[PDB]
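What follows is a single chain, given as C-alpha cells, in the form deposited in one PDB entry.
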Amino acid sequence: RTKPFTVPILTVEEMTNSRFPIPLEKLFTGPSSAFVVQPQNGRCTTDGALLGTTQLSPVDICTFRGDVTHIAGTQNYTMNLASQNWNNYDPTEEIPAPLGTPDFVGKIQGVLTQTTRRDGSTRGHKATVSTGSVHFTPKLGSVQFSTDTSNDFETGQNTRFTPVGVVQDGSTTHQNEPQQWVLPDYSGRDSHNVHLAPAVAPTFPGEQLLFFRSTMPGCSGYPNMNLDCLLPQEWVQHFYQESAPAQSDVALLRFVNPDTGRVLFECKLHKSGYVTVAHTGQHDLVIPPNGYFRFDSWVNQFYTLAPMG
C-alpha cells in the first residue's frame, strides 16, 4: 500500500508555534465566523505541500535580511530585503511575500544587527517593524524599521532583524493589537495580496477549529499576546519530509494521555492542513503535559467526532 501517514509523537509543550519563533503552550478552540482564519505561515497539506509563505526553519519566521538605508531626519531605516541565503529576493515568484514574512498586522519589536564587511565590526539596535504600515511592502522587496539611532547603521552592509515580541500603545484600548487574524498588505496600500493559502473554516455541524496557541512576549504596554497557529511547525516539517498521500478527506487523530492510557478527545486533521474538534464555544483545553496526538485512520468528512469533554 501507500506510505502510511503519521503525525510526530510530540507533546504540545515540545513543539513550536509556526507563526512566530516561540514554543507552543496550550490548545485552544473557539467559534471562528467573526474573523478570517487565513494565516500564511504554518500552512502545509498533510502530504507535504507548503502553502502561503510557509517555510521549514522555525527560527527564520518573522525575520528580515538585507541592506539598510537611512531615511533623512528620522530614526527610521528602509530595508531592501534579501532572501534567506542572502541571494536577492525575487518579487515575481509566485508567493504572497518572502517566506517567513509575518502574517498578522501588528508592531513587532526586535533587534537589527549588522556586520561591516571590511573589518568585522558589529552593531545592534532595538528596532520595530509595523506590519500595518503604509511602508510595509515585503512583496515589493522593501520594508521599514523604526529604531533608536540616526547615525549608526551603514549602507551596503548585511543587516538582519531578530524578532522578539509585540507592542501596543498603552494610551489606547488594551489588547487592541496585534490583530492576529488580519493579514498585512504585502504590497502596500491599494493592492491585492496574491497566491494566498486558502482561508479555512469548520464545515461540519458542531465543529470548531482546534488552534495550537502560544503567548507572544510583549515588549511594551498591553498587547494582545495570543497567537494561534493551524499546525505546529514540527508538523509542517514532518509532513514535508514524509509526503504521505492522503487516503481520504480527513485524518482522524486521537489525543492520548499516556498516564491513564486513555483517549482524551478526537479531532479531524483535514487534508489541506488544519484541525477541527466537536465543541461549541471558547475553551482552553485542559491537557496532561505529556499527552500527544496519534493518527488513527483516514475517514470521510461526514464522520462524527465524539464531543471533546
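C-alpha atoms forming the largest set that superposes within 1.5 Å between two forms make up the rigid core. Residue indices: 1-based, along the sequence shown.
Keep in mind that the form deposited in another entry is not shown, yet the notes after this line are about it.
Put the two forms on the same core and the Cα of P205 is off by less than 2 Å between this form and the one not shown. Once both forms are fitted on their rigid core, the CA atom of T122 lies 2 Å or more apart between this form and the one not shown. A shift of at least 3 angstroms brings the Cα atoms of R118 and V59 nearer to each other in the other form than in the displayed structure.
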